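Following: one structure in structure tokens, then a few remarks.
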């Protein structure tokens, strides 16, 4: 049950002399049971959630996760 | 199911499923023509199991029938049989599945939340479920209730 | 007290206490005689409160006293009055301390793990505090009922 | 602000606002008419504060107004005051918010990279914003020179 | 054993044991008489197994007898037949314990770095267990060869 | 290349390149023609350095030629020449770059999971390429066989 | 490797790779099953966060979480804290 | 993450000027209504579970999604939903003191719009629930603070729809 | 951990011999009562939250530890004591199916003495509670498995002492 | 990840009907041929490192694709595509026991299309490798179960091309 | 952690009784001296970068310790020595605001033998720095506030040696 986020987050307080292109464009896959503790982490950072996608199976299926 | 729990465990070890567990699926499929009698007997007594286990519960906890509990009135004792029937509509989904993977995702995973959110104490809910799975063990055979009664009594410790 | 949560909120920021919070401490110490007059009138009528709020709890929920539920005789109903005596005691401690941290470390951490083991309803404790709120705010003054009742709602946010 | 700090601290523990913290916001809102007239004490006299600290900066350091220095000429000097005109605007934002949080996000988090790139000395700015402090608190009252001056002294130590 | 997978995979979720996993316990203690007869017969002809499956292994892979290989001379082939007797003993533990785990811990999790530090080929011993299972399933019964031959099949399938 | 190893050594700490490190690049440019003279001596004398040193490997290890092993006389010993010819090609890729990584990314990164699936002794490749570079150092000189000697020994310590 | 090639593909970040690493059975056998519980709270807190435990209320918040949810949410709750994410980042290997 | 005092600061900064007389007329308007916002913050956070247990009772408890065929029979899906409607009560009361809808934007509204489309749940049942949450919360805190909490409920409601 | 088979196996592995007939006798006794324990483990996990309530009211409630001064007076410290007894009911039922007190040794009782002595937790009330709990589980499982369950409870009270 | 047993459970609760008569012969069809699958899935694990011996050696080993210039010429690209074939066998055998290809499009087919068009992997070489490994399993499980394994092998090739 | 308020209402909680007139008199003894501390805690907070500046020049500077061969020689060690002094002013103002040295037993006297011994910090220079810091603090804060602050400086260096 994995999602597929794509997240644009800026650097809040620090001016990072290394590149950190990947630290502004997490387009990772997060599973369902730990997305919502993870979604608030981007949300408290001031990031922007662009899209979320169901990379796994069908919604509404109440068994088999 | 027991097929489903074995293959997700073998994915975690990143190997094929073990010959210890391959006995169990082989034991599940020779008992696949053993599990189906438990499923059909609960069809023939689902109007008999629930209508007796309510009064078994209401003689154990008559705080519910008193005015002020969460099932008081004829419109309110409808759900205190309907939520019990819904749990009888969960075991037969997992008798033939063998284990608790349809028991969890329909019944268990947030059941501390919504009965608190509806105001019903789950200790009364688990009591009638325990009152249910004394009558269903007496209805089934001594060999049927030896394993399904162990499977019956998961839900009482899972709820409360 | 109000000294403690002006320190542990200033230790996480790891700097000194700014004068934006030192004036509230400076207004707290000069207002010390007001809170003792709240507390002594609160504890001076401790039999007027619980004997009235015990009746108003049982009119809001008559199922604790009716045969089947939790509290019976003059023993198990009496320890229900003991816990309301505790929470009346525990709410005059935060009034003198001027903060909700002494009611926090004694009774706003973990009772949703606790009361389900005891079998009491959690929300029926919360209806006892609202009857305790309406008794004490009717007894206290018109201005301090917005201050003493500003702790009474915090117990409602604990359970409910 | 104190409203912003008390939410974000209380959001991370997934809790509502404490009654110790709600009376912090309640005194902060009602004293907001006190702080806005400290803000209009400076913006009513902003064009004098720039000009006096304009004369006070180039007296104590004349190399920046000298030829070769980074503010030399009637347009190249015009800018250094206009940069000091930004810091009247920033500190007036800080007295209104009651915190250095608009000083952070607008004014001070990148100055160690900017003026090194722009060639102007940071310690040349750090005395011009300190000569701003001596001309401001002579125009303010007695008690708020500690209140507004804490936003001044925050801009000294975060500069140098 | 059967418990050692189940007592760990339910401790990690900090729950009690699910009755699907109590089938796995029930599932065998009924097979523990059948699991004990086969390892008594395997130990009871453990000299005939190693002297036969060690023999025609070298008719299949004659390289390790040949000079330049590791087991040149009788002083190393008898050292080589220690690992045949060790793995025959580790089969008989795993049939009695019931599943995959005791042969995995004692004789599997270092064999890509043990045998590389010894310089011996890691694939050639994997040929020998397929002959060790060839002579063993040739001498036992037909119904246990689907059980006892599969515990051989794990230590093949994780060797090569 | 030694240019390519230098940038990522500086880009990891987000830095412009050190002038001591450009001395290594400026020495690499003026000694760039010498390494091309090293590489043509290998490619010109390829047919005497492969059939000889492979035969040294077959004289050191006569396990390889014998049946039951990895190779056999008609083409399997011939294709173990071309699987040995690839590494001499990778050394000549490595010495003209002044770097290890043309040996790395083509012929190191997955050789253990390759040759376990191919069924050859990976250590015999390492003893074969040790026999390859023992005669390669005596080919060209004694001076140029030292800094090209530093790229010979790495592939020995990559297989094991 | 099926945890690993998601990182080599770029389908997960490193912070998701650490969580899918320390939920495996080889980590669970090595540092959870064969240890005392409050040792095993402290050692996974030692490896992943790169510091010891801070005191008592920082550890009592972890001990009830593995009493109810299990080990799989103990290793979750170290990782999605503010002190993991804002002191290490989402693309760094942790260090002591 | 901002509040109504710093949003007036930010609307004056990005325009350029100082605290002009239009902003002080806006800022003094916040300090007058800020007294009632605290006295309605406590009586929501008292009855936070009591609101959401009644707001589900107006619209959701006997409908399409209790007879089999919808979102909530699966016990995790109903318990997420009571927990989702709990967090609307927290963030609107965070929006009530802060005096702006922009705290709801960087905490609720940006992520939640595309998940609910992707997870197949109805937004139309959610906006029916928050409007049912609006008609009970005005009864508890009084009508005059109900016009305050009716603003940020509608910003969730217009934002999700 | 360790299991009664994997202690009989590991006794004959470090000696290096094969399966002795005394060890084979030591495995038949585990398999003869294995059918009893597998029914015993379900009947405790059914009443696992119930037993602790029937134990703490047998010897701890209405006494001088859940009264002002004791370690269960603070009611959000008494909540530790309930889940402290949830561990000793869970891990003892693990050790009943294991046939071995080695679950309790290096997982529970390794640093249990040092935790309780570094807090002022009463040892003598814990052994007063656990030996009271042993009577309750023997009443619910019957006197056959109550001898078996009484061993691993007594292993907990011995190493804690 | 869910099998055919959970799928008929999934399609029975959601409409409000009980475990009816028509669901039983879907399960009895599983329980009839489920004995065949345990005879099948053991013998694949006997040859799980031996099918990949034949996987390269039939269609990939002495070809021009392995000759320097092709896609399968690097040691980092060789060993990455034996594990990428070994995973396609192991997840097929999960579906061989599932009675369902619904372990494939969660863990195998989720990002597998776009990762081959981007990494330069030829699609036609894989379906000439996977469909070549259908018939070597037909000589190892017998005639009928290889035709059952040919369903999920074609479900790979329908979901790869 | 506790203060003069939360030692009284801790010690009067644990007897079970309410707040009585013997304990309210202890609160009024703290409330009579509370106005003295808030004036004292304000002036130290405006001079925290200057009490440290003078006190290092009182006893530490131009010594063996400043010179090479001493400990605070390297710039890296030197700043730290201001920072490992600056906790001793901030935590001493917290205990002065508390009226109880219970913070000082808890945050700033744990490793204070074992950190300083395992880092080459001399103990005898830190105690000499602190009464060099107490003399300039009691000169800055007054005679009456200097002895109340003087308890919590001499509580630290007595526990540190």
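Lettered A, B, C, D, E, F, G, H, I, J and K in written order, each chain numbered from 1.
Going forward, a contact is a pair of C-beta atoms (placed from the backbone, for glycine too) under 8 Å apart; a residue touches a chain by one contact, two chains touch by 3 or more.
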{"item": "Identity of the most central chain, Cα criterion", "value": "G"}
{"item": "Chain at maximum distance from chain E, centres defined as averaged CA atoms", "value": "D"}
{"item": "Recurring contact interface, reference F-J, options B-H, C-H or E-I [over half identical by residue number]", "value": "B-H"}
{"item": "Copy-to-copy rotation for chain E and chain F - C-alpha atoms, rounded to a multiple of 5°", "value": "175"}
{"item": "Higher-contact pair (C-beta pairs counted), G-J versus F-J", "value": "F-J"}
{"item": "Rounded Å distance, chain A centre to chain H centre (Cα mean)", "value": "23"}
{"item": "Between chain B and chain A, distance of the C-alpha-averaged centres to the nearest whole Å", "value": "37"}
{"item": "Euclidean distance of C-alpha centroids - chain H vs chain I, Å", "value": "49"}
{"item": "Separation of chain B from chain I, taking each centre as the mean of its C-alpha atoms, in whole Å", "value": "27"}
{"item": "Where chain I touches two or more other chains at once, by residue number", "value": "1, 42, 45, 48-49, 83"}
{"item": "Chain F residues counted as touching two or more neighbouring chains", "value": "119"}
{"item": "Of all residues in chain A, the ones touching two or more other chains", "value": "44, 60, 62-65"}
{"item": "Of chain K, residues touching chain C in the complex", "value": "1-3, 5-6, 9-10, 13, 18-19, 24, 27-28, 31, 34-35, 38, 41-42, 44-45, 48, 90, 93-94, 97-99, 103, 107"}
{"item": "Partner chain I, residues of chain C touching it in the complex", "value": "86, 105-111, 113-114, 116-119"}
{"item": "In the complex, chain F residues that touch chain A", "value": "14"}
{"item": "For the chain J and chain A complex, residues of the former touching the latter", "value": "1-3, 6-7, 9-10, 13-14, 102, 105-106, 110-111"}
{"item": "Touching residues (chain side chain B, partner chain E) in the complex", "value": "2, 5, 9, 15-16, 18-24, 27, 98-100, 147, 150-151, 153-154, 157"}
